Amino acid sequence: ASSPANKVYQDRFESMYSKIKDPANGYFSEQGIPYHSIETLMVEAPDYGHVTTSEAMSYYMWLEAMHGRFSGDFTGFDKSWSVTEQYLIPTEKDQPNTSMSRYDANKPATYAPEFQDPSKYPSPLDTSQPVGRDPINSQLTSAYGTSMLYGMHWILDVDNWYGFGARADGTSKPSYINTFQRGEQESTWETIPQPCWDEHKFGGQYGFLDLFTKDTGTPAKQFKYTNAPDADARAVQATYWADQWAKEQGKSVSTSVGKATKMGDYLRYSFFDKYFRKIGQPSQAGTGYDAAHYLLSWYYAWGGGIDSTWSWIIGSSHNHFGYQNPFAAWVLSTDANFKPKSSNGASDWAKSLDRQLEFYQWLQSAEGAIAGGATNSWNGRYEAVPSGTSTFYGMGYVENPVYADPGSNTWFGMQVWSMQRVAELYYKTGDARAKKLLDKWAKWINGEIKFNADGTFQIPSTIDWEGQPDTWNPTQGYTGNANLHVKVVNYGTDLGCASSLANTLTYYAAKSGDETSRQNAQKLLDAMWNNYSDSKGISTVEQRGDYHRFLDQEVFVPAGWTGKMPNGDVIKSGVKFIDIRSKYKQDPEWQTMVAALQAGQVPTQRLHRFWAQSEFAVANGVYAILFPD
C-alpha cells in the first residue's frame, strides 16, 4: 500500500490531469499524440504549435505515472509507451534493417565540418579525415537481434502540417521531420524544414539533402533520424517512478519497464564523440571507449540508404549540463529491474553517473548557478582549444554549447530541469556529491524568487555569464570557481519553469529538512493555483519578443538552389521565414500578431504548453507525496 498523500495537492494534480486529458481542451491529436501547445502560432524550439517532440512524450509518461500513483490505474502509462513506440521510435518500415545491417562499426560515418554561419552550408564530406570505431554496436545487435536503433526521433509533424506525409506519400500523419542542420547560428527562425525520409519527391532536384551536405557524387535517397538524449533519459526516469508506484499497489508495468530499459541501452550512443575521436585528443581516431566522454551529449543520429544499402551513426561532441540526468544513470546502473540486456550497459551507466556529477560540480559558478558545458570538438571542426580555456577531461569549456541564437544557457529553464534530477538522486540515495551541489544551488535560487503583495511572483528568466570555471582536476575537486559568475538579466513568470523549480525544491527540502526550500515550493504552487488557473490548466500573458522574425528573418538558400515545399511555396535565395510556411497566414492568431507588429508593439500570447501543464501537475503530486501533513 502506498503512503498517504496530502489531499489538497493530490486534488490539484487530479484537477490538472482532468484538464490535460479533456478532449474539449485539445492537448492531444486524434491519434493520441500530445501537441507542443494547444495554440498553433508557436515558434521557440519547434516552429509550429502542433508538431510534437520526444520531450512532450516524456512528460506525457511522467504525467501518466503520477496518475497511476493516485488512481491505481496504470493503463494510461502503458498507453503513453505504446504511442511512443508506434509514432516516435522509427519502425522497421522507417529504418529498414536491410540498410541498418550494412553498418560498419570500424567506419561509423564520414566526417563533415560544422560552421558558425548557416551561409557556409552545405558542409563538404571528407573521407580522408579520421573516424574512430564504435565499441557498442556489437553489444546491441547481439542483445536485441537487430541493427535498428531503439530511441525516439525528437520532432514529429503530428498532423502533417508541412505536407511531407509518411515515407514520401505527402498524405499520411504523423510525419517525421527535422529542422536544425546548420550550426550554432541557425535559430528556429532560420531552418528549412525537411523530411527524415528523403526520396527526392519534395524540395529540390535531390530533395533537401544538398542544402546540408555536399558529396563528390549525386545524393542518394536516404533516411536520417536525430535523438534528443535528455528526453530519452526523462522517459527512463518517469518509468522508474511508475514501476515503484505500481509495485506499492500490487500492479505491474513490466512491459513498459522493458522498453525503457532497451531505450536506455541505446541511449549510450550519446556518450560518444560525434565521429568517435578520442576525448581530449581530438585529432586522433578512437579505438573504442577512449572516445566516450560518458555524458548525455546534444544528440546521437543515424541514417542510411532508401534504394541502396548502407548506414551511419554519429554521437555528439557537445555537452550541456541541462541534458544530464544522474537519476536515470543511477536507475540503469543499480536497479536490477532496469539492468540493460547488453554486456556493458549497466557498467557504462555507472561510469556516466560519476562523470555527470563531476561535470555539474565543475560547472557550478561562484553564486551557485550551473554554467554551460564543454565540447571535444572546438568550433565543431576539432580545432585547437585556445589559450587558457579551461578544460574538463581535455574538453574545452563553452558558455553556450551548440546554439548561440539565442545562447543555449541563457534560459533559466535549464537550471531547474537538470537540478531536479540531481534532487531526485539526492532524495533516493543521500549522495554527498548531490548534496554539495544542491546546498549551494538552492541557496542561490531561493534568494532569486520574488513574491508580490497581489499574489503574483517572478523568477529568473534570462541569465548571462562571465568568466569560466577552473580547469577540472579530479583529485583537487571543486575550487569554488571564484571567477565564474551568473547574472540574471531579467525576471518573469514562466509557469513551466516555476513548476519545475517547485519540484526541485520539494525533493531537496524533503531530504535536507531546509524549511526555506519547502515554503518557497509551496508558495510557488499555491500562487500558480490561485492566480493563474484557467479552464485549460494554467496560463499567463507573455511577450513574444522574437516574433518580428516571422516577417523579417531571411532564410539562407545556397546560390542556384531552388525547390518547393509540398504546398508549393518556393524555396530560393531571398525568402523570409513566412515565405516557406505560407499556411501560417491561415492561423486564427495571425492577423492579431501582424497587427501588433504593424503598430510597433511586441506581440503577446497566453500559451498552454503541454510540458508546462504536465510539469505543474507533476509538481503538485510530488508535494502531496513528500509532505502528507
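So that there is no doubt, residue numbering starts at 1 and follows the sequence shown.
Notebook entry, point to check: Per the PDB record, is the mean Cα temperature factor higher over 64-72 or over 47-55?
Noted result: It is 64-72 that shows the higher mean C-alpha B-factor.
Notebook entry, point to check: Is the mean CA B factor in the deposited entry higher across 542-550 or across 380-388?
Noted result: Comparing 542-550 with 380-388, the higher average CA B-factor belongs to 380-388.
Margin query: Just the C-alpha B-factor column, please: which of 218, 375, 408, 194 has the biggest number?
Written below: When the deposited C-alpha B-factors of 218, 375, 408, 194 are compared, 218 is largest.
Next item on the list: Using the entry's values, work out which of 578, 596, 42, 38 has the largest Cα B factor.
Entry: When the deposited C-alpha B-factors of 578, 596, 42, 38 are compared, 596 is largest.
Next item on the list: Using the B-factors in the PDB entry, rank residue 434's C-alpha atom against the chain and give the third, lowest, middle or highest.
Entry: As the PDB entry reports it, the C-alpha B-factor of residue 434 lands in the middle third of its chain.
Margin query: Based on the deposited C-alpha B factors for this chain, I'd like to know if residue 619 is in the lowest, middle or highest third.
Written below: For residue 619, the deposited C-alpha B-factor lands in the lowest third.
Check: Which third of the chain holds residue 611 when residues are ordered by C-alpha B factor: lowest, middle or highest?
Finding: Residue 611: CA B-factor falls in the lowest third of its chain.
Next item on the list: Using the B-factors in the PDB entry, rank residue 105's C-alpha atom against the chain and give the third, lowest, middle or highest.
Entry: Ranked within chain, residue 105 CA B lands in the middle tercile.
Next item on the list: Give the position of residue 167 by CA B-factor within its chain, expressed as the lowest, middle or highest third.
Entry: Answer is middle: the recorded C-alpha B-factor places it there.
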